[PDB]
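Undergrad:
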Amino acid sequence: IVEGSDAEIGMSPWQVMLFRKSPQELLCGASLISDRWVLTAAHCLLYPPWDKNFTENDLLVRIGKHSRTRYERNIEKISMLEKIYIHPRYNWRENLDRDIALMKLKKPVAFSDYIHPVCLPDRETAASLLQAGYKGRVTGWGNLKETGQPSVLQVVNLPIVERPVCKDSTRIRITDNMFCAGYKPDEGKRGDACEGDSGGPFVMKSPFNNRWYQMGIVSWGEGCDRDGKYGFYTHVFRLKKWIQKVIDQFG
Amino acid sequence: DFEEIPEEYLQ
Amino acid sequence: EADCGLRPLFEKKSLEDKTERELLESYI
Ligand SMILES: *[C@@H]1O[C@H](CO)[C@@H](O)[C@H](O)[C@H]1NC(C)=O
Ligand SMILES: N=C(N)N1CCCCC1
Ligand code: NA
Ligand code: NA
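Residue numbers (UniProt numbering), protein chains in the order written: chain A, 364 to 510, 518 to 621; chain B, 62 to 72; chain C, 333 to 360.
1. Quick check: does the Cβ of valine 573(A) come within less than 7 Å of any heavy atom belonging to ligand 2?
2. List, in order along the chain, the chain A residues whose C-beta lies closer than 7 Å to that of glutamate 348(C)?
3. How many angstroms separate the CA atom of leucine 492(A) from the CA atom of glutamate 69(B)?
4. To the nearest angstrom, how far is it from the Cα of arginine 608(A) to the Cα of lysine 575(A)?
5. Starting from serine 491(A), trace the beta strand (DSSP E) in both directions and tell me its first and last residue.
6. Name the residues in the stretch 437-468 of chain A whose C-beta lies less than 8 Å from a C-beta of chain B; which are they?
7. Quick check: what's the CA-CA separation for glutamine 584(A) versus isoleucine 426(A)?
8. Specify which residues have a beta carbon nearer than 6 Å to any heavy atom of ligand 2, listing them in chain order.
9. Could you confirm whether any beta carbon from chain C is found closer than 8 Å to the beta carbon of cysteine 482(A)?
10. Does the Cβ of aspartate 597(A) lie closer than 7 Å to at least one heavy atom of ligand 4?
11. Does the Cβ-Cβ distance between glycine 601(A) and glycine 591(A) come in under 8 Å?
12. Can you tell me whether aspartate 567(A) is buried or exposed? The criterion is at least 16 other CB atoms within 10 Å of its CB, across all chains shown.
13. With respect to the beta strand (DSSP E) encompassing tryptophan 590(A), which residues constitute its N-terminal and C-terminal limits?
14. Would you check if the distance between the CB atom of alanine 370(A) and the CB atom of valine 525(A) is smaller than 8 Å?
15. So, is the C-beta of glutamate 64(B) closer than 8 Å to a C-beta in chain A?
16. Please decide whether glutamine 378(A) counts as near chain B, where near means a Cβ-Cβ distance under 8 Å.
17. Using the beta carbon as the reference atom, which residues fall closer than 6 Å to any heavy atom of ligand 3, ordered along the chain?
18. Provide the residue span of the beta strand (DSSP E) that contains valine 424(A), from first to last.
19. Pairs of beta-carbons, one from the stretch 526-541 of chain A and one from the stretch 371-384 of chain A, closer than 8 Å: are there three or more?
20. Return the chain-ordered list of same chain residues with a C-beta closer than 6 Å to the C-beta of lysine 446(A), the five sequence neighbours on each side being excluded.
21. Let me see if you follow: with CB-CB separation under 8 Å, is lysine 470(A) close to chain B or not?
22. Does DSSP classify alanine 405(A) as helix, strand or coil?
23. How would you write the range of the beta strand (DSSP E) that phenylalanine 549(A) sits in, first residue to last?
24. Short of 9 Å Cβ to Cβ, which residues in the stretch 401-423 of chain A face chain B?
25. Quick one: list the residues of chain B neighbouring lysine 384(A), beta-carbon separation under 7 Å, in chain order.
Here's what the structure looks like:
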């Protein structure tokens, strides 16, 4: 995260770290949506242009973390993966359309002060809150700058951007399964996701019921925190039928 | 740069 | 889940985090 700040303890208890077993390293962010299911970006797991195609046994999920590099004894919980599910129409060839994946854990994780699921949006909460200017919150352990790395989880709040401005910022084809967020050059304030933040959540706190909802997944961008560029996020609500189908069938 | 995790999670 | 999105160290204790008000102020 560029131009964010250190998270408070327990600020993002749905935060998940995707951790490579060998070499031991950060692979991506992710989020906890129930005691057995973790949501992330498909490109965290499958991206053939970079020879990336992880299997279940390659990875662990680390839940309840705050420190990036420490083993947080008595706080974090480490889970193995039973199965990965990638959206069947994830477009890794072109523009990362439908950049979403689920991971089922081998055993349920115990909730605690540090470990708790985020809500997924209903249609009405999505319609109400996915508006230009409305801010969400992005969290992760990724790089602090495009060109270094944080001691603890970082957080930044960023406004959703009007779709024509998102489209006009890039040559990549934008779809209804994406939205963009970030400040405009004339707005002064800054901030973005960066390398290592992929797959983590863009959340909003509903003013109606005072619950946190995951509206987006960190998906893609061009550089990090560049003027006139915006971060792109997977539109979770638009892909919720697939999420529900997987959980109903395999949960 | 990461602290070793318990071996039980790598078995 | 029934209890989703309510953080033990914040909403469940009626404590506010340091920047959530920035989000609320944007929901205009
Ligand atoms: C990714 O890996 C699996 C095997 O583990 C393979 O069958 C699958 O076809 C691969 N997907 C792509 C796009 O290469
Ligand atoms: N939001 C940006 N800039 N992204 C997505 C996270 C990886 C780097 C590009
Ligand atoms: Na364009
Ligand atoms: Na920017």
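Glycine residues also receive a C-beta, built at the ideal position from the N, C-alpha and C atoms.
TA: The short version:
1. The answer is no for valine 573(A).
2. Neighbours of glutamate 348(C) on chain A: none; closest Cβ ~10 Å, over 7 Å.
3. Those two C-alpha atoms are separated by around 43 Å.
4. In this structure, the CA atom of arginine 608(A) is about 19 Å from the CA atom of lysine 575(A).
5. DSSP places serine 491(A) in no beta strand (DSSP E) but in the uninterrupted alpha helix (DSSP H) bounded by 486-492.
6. Listed by position, the residues of the stretch 437-468 of chain A near chain B (Cβ gap below 8 Å) are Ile441, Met443.
7. Taking the straight line from one Cα to the other gives about 17 Å.
8. Of all residues, those with a beta-carbon under 6 Å from at least one heavy atom of ligand 2 are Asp562(A), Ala563(A), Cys564(A), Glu565(A), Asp567(A), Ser568(A), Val588(A), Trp590(A), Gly591(A), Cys594(A), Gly601(A), reported in chain order.
9. For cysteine 482(A), the answer is yes, since a Cβ of chain C falls inside 8 Å of its Cβ.
10. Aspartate 597(A): yes, Cβ under 7 Å from ligand 4.
11. Yes.
12. Answer is buried; the Cβ neighbour count reaches 16.
13. Counting along the chain, the beta strand (DSSP E) containing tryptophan 590(A) begins and ends at 582-590.
14. In contact: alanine 370(A) and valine 525(A) (Cβ atoms closer than 8 Å).
15. Using a CB distance cut-off of 8 Å, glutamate 64(B) counts as an interface residue toward chain A.
16. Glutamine 378(A) is outside the set of residues whose beta carbon lies under 8 Å from a beta carbon in chain B.
17. Qualifying residues, in the order they occur: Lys537(A), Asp538(A), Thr540(A), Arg541(A).
18. Element bounds for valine 424(A): 422-426.
19. No: fewer than three Cβ pairs fall under 8 Å.
20. Cβ neighbours of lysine 446(A) beyond the five flanking positions: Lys467.
21. Put simply, the CB of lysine 470(A) is far from chain B, with every gap to its CB atoms at 8 Å or more.
22. Reduced to three states, the DSSP call for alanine 405(A) is helix.
23. Start and end: 548-551.
24. Under the 9 Å Cβ criterion, the stretch 401-423 of chain A contributes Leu423.
25. Result: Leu71.
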